[PDB]
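S.K.: Chains as they are written, first to last, in UniProt numbering: chain A, 418 to 565; chain B, 418 to 565.
Have a look at this one before I ask anything.
Number of protein chains: 2
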Amino acid sequence: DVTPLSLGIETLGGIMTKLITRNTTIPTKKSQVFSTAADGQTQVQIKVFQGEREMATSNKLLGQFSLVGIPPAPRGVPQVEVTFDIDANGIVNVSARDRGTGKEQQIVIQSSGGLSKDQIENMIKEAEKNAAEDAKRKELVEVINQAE
Amino acid sequence: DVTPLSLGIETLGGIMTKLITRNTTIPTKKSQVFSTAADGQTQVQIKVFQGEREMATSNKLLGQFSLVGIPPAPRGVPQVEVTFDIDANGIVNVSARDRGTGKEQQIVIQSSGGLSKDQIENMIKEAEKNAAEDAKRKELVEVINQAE
């Protein structure tokens with residue numbers, strides 16, 4: 418009836434972009450538009466992560482799939498809508514769709530990534546323990562605004 | 418007189434963000450506002466690169482400095498103004514200033530005279546030959562859609 422851990426995707430620089438936050442009631446659905454990181458980029462890889470760390474790869478990887486044949490365009494121009502849908506049984510459907518071409522791909526993931534209650538608890542604690550360390554990143558970000 | 422190579426900073430994900438593009442008339446001054454990558458981030462590192470590659474570290478590092486003690490705030494909230502001020506002889510004053518606190522630092526770097534005509538042409542040619550490789554990146558970027 419609620420999600421035990423946050424769910425999201427890895428974005429540029431290894432950032433955990435949460436689509437559904439921990440403790441959201443189920444069923445639920447959330448979508449968000451993303452773009453490409455490189456000029457002339459023709460494919461995108463969706464890496465679905467579960468956990469609380471801002472450093473994506475320190476969370477648990479639940480799925481990985483690609484959308485290919487995006488027509489080459491300047492970085493930040495394509496609109497790739499990514500949707501996380503969680504159904505009444507906690508099945509997580511993740512789809513990515515390129516708005517320009519309509520090309521779409523999706524996967525499914527079992528309820529709560531198969532984790533036991535103890536494993537969930539561990540992950541929450543570990544994330545708390547490492548929160549301060551994750552904040553020691555030094556990078557600068559150029560915001561991409563697709564507003565017309 | 419003009420810049421023989423682009424000049425910019427490395428942003429999240431190792432991206433070359435050009436502030437002054439190659440062939441810009443000098444002297445000139447260009448500024449752009451950037452933000453933090455992590456929630457509670459208190460340091461930002463300004464890495465100044467010269468060259469055309471989208472992969473920052475494949476360009477020539479000219480200088481590096483930090484702003485430290487940025488007040489903790491959610492990622493993307495702080496506003497760090499980065500300015501390249503270049504004189505008729507290619508000398509660049511690069512400053513970063515936190516808009517919120519006015520805290521700032523700067524470095525003064527030579528961007529001319531450290532490369533031959535041939536080295537310049539070769540760097541541009543090399544970048545052109547490696548552009549397709551940089552384009553094979555698979556990452557997604559977060560975007561906003563906000564009229565200003």
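Don't be surprised by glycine CBs; every beta carbon is placed ideally from N, CA and C.
1) Assuming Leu429(A) contacts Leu557(B) (C-beta within less than 8 Å), just tell me the rounded distance between them.
2) Between the stretch 503 to 512 of chain A and the stretch 522 to 537 of chain A, do at least 3 Cβ pairs fall closer than 8 Å?
3) Under three-state DSSP, which class holds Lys447(B)?
4) Alpha carbon to alpha carbon, how far is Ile443(B) from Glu543(B)?
5) Are there three or more Cβ pairs, one per stretch, closer than 8 Å when the stretch 473 to 480 of chain B is compared with the stretch 529 to 545 of chain A?
6) Rounded to whole angstroms, how far is the Cβ of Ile426(B) from the Cβ of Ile463(B), which I believe are closer than 8 Å?
7) Using a cut-off of 7 Å between C-beta atoms, extract the partners of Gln462(A) located in chain B.
8) Please report the residue range of the beta strand (DSSP E) in which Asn440(B) lies.
9) So is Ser452(A) in contact with chain B if we call contact Cβ pairs under 7 Å?
10) Rounding to the nearest angstrom, what Cα-Cα distance links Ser448(B) and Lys534(A) in this structure?
11) Taking the C-alpha atoms as reference points, what is the distance between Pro421(B) and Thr438(B)?
12) Beta carbon of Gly486(A): closer than 6 Å to some heavy atom of the ligand COA?
13) Measuring straight from C-alpha to C-alpha, what distance separates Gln496(A) and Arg492(B)?
14) Report buried or exposed for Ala454(B), applying the criterion of at least 16 other Cβ atoms within 10 angstroms of its Cβ.
15) Name, in chain order, the residues that DSSP records as bridge partners for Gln523(B).
16) Would you mind stating whether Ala473(A) and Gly431(A) have Cβ atoms separated by less than 7 Å?
17) My assumption, with CB atoms under 8 Å, is that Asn547(B) sits in contact with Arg470(B). Please give the rounded CB distance.
18) What separation, rounded to the nearest whole angstrom, lies between the Cα atoms of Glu550(B) and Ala490(A)?
19) Since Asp502(A) sits in a beta bridge, which residues does DSSP pair it with?
20) For a test of the three-state rule: what should DSSP assign to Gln496(B), helix, strand or coil?
21) Pick out whichever of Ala505(A), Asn476(A) and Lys555(A) has its Cα sitting closest to the Cα of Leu532(A).
22) Can the beta-carbon of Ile503(A) be found less than 7 Å from the beta-carbon of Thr445(A)?
23) For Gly468(B), I'd like the list of residues in its chain whose CB is within less than 6 Å of its CB, leaving aside the five on either flank, ordered along the chain.
M.R.: To lay it out plainly:
1) Here residue 429(A) refers to the residue found at position 12 when the first sequence is read from its first residue. Here residue 557(B) refers to the residue found at position 140 when the second sequence is read from its first residue. That belief holds up - the Cβ atoms of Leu429(A) and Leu557(B) are roughly 7 Å apart, short of 8 Å.
2) yes
3) Taking the first residue of the second sequence as position 1, residue 447(B) is located at position 30. Here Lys447(B) carries a strand assignment [DSSP, helix/strand/coil].
4) As a working note, residue 443(B) is residue 26 in the second sequence. As a working note, residue 543(B) is residue 126 in the second sequence. Taking the straight line from one Cα to the other gives about 25 Å.
5) The stretch 473 to 480 of chain B makes no contact with the stretch 529 to 545 of chain A; the number of CB pairs closer than 8 Å stays below 3.
6) The residue you call residue 426(B) lines up with position 9 of the second sequence. The residue you call residue 463(B) lines up with position 46 of the second sequence. Contact holds; Cβ gap of about 6 Å.
7) Taking the first sequence and counting its residues from 1, one reaches residue 462(A) at position 45. The answer, in chain order, is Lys555.
8) Stepping through the second sequence from its first residue, residue 440(B) is reached at position 23. From DSSP, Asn440(B) is part of no beta strand (DSSP E); its letter is neither H nor E.
9) The residue given as residue 452(A) occupies position 35 in the first sequence. True, the Cβ-Cβ gap to chain B drops below 7 Å.
10) Position 31 of the second sequence holds residue 448(B). Position 117 of the first sequence holds residue 534(A). Spanning the two alpha carbons is a distance of roughly 51 Å.
11) Locating residue 421(B) in the second sequence gives position 4, where the first residue counts as 1. Locating residue 438(B) in the second sequence gives position 21, where the first residue counts as 1. Distance between the alpha carbons of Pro421(B) and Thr438(B): 9 Å.
12) As presented, the structure is devoid of all ligands, the ligand COA included, so that no description of it is given.
13) Counting from one through the first sequence, the residue named residue 496(A) turns up at place 79. Counting from one through the second sequence, the residue named residue 492(B) turns up at place 75. Roughly 22 Å separates the two Cα atoms.
14) Start at 1 with the first residue of the second sequence, and residue 454(B) comes out as number 37. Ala454(B) should be labelled buried.
15) Sequence index remark: in the second sequence, residue 523(B) carries index 106 (1-based). Paired residue(s): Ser512(B).
16) Here residue 473(A) corresponds to residue number 56 of the first sequence, with the count starting at 1. Here residue 431(A) corresponds to residue number 14 of the first sequence, with the count starting at 1. A contact, by the Cβ cut-off of 7 Å.
17) In the second sequence, the residue the question calls residue 547(B) occupies position 130. In the second sequence, the residue the question calls residue 470(B) occupies position 53. That belief holds up - the Cβ atoms of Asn547(B) and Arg470(B) are roughly 6 Å apart, short of 8 Å.
18) What you label residue 550(B) is simply residue 133 of the second sequence in a count that begins at 1. What you label residue 490(A) is simply residue 73 of the first sequence in a count that begins at 1. In a straight line, the C-alpha of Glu550(B) is about 15 Å away from that of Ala490(A).
19) As a working note, residue 502(A) is residue 85 in the first sequence. DSSP lists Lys446(A) and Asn510(A) as partners of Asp502(A).
20) As a position in the second sequence, residue 496(B) is number 79, starting the count at 1. Here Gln496(B) sits in coil by DSSP.
21) As a first step, residue 532(A) is located in the first sequence; it is residue number 115 there, counting from the start. The shortest Cα separation from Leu532(A) among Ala505(A), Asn476(A) and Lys555(A) belongs to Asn476(A).
22) Walking along the first sequence from the start, residue 503(A) turns up at place 86. Walking along the first sequence from the start, residue 445(A) turns up at place 28. A contact, by the Cβ cut-off of 7 Å.
23) Numbered from 1 along the second sequence, position 51 holds the residue referred to as residue 468(B). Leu422, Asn476, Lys477 and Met540, listed in sequence order.
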